[PDB]
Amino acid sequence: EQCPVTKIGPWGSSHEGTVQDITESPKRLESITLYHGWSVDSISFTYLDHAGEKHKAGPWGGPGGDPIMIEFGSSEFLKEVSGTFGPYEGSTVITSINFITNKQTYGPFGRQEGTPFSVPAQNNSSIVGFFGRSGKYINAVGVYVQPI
């Protein structure tokens, strides 16, 4: 109860984009809405915080792409985020992303081009939120991790 969250990343552009983050420490990831096309245009997500209050973060990114909304049931948790990043329209962007839970694999979204990244959380720990930098695309993405 009230174990501090771990913040890891980001991966992607070292210095491009507007900082994006959540204000209340996250405890449970409820949904992700991802817009994607050739690259990863935007991410939004809902999460429950340290006080049991739900928030929508985002969208972080631009208005392009087609949406997919992913809702996690109470027994589903995110155990790895992976993807690629590279040059797109003159910036380094997240070109593809994947979400691997204890139940399923969602993705790839985008195009698998450029440099890989991966953040596998072990020991049944969950990825419970995100942070990063964005413009018209996601330039860099990191994760919040909460053990059990």
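Numbers for residues come from their place in the sequence shown, where the first is 1.
Per-stretch averaging of Cα B factors for 122 to 130 and 135 to 143 places 122 to 130 on top.
Note on 65 to 73 vs 46 to 54: mean CA B-factor is higher in 65 to 73.
In this structure the maximum Cα B-factor among 83, 37, 87, 59 is found at 59. Residue 102 sits in the highest third of its chain by CA B factor, as recorded in the PDB entry.
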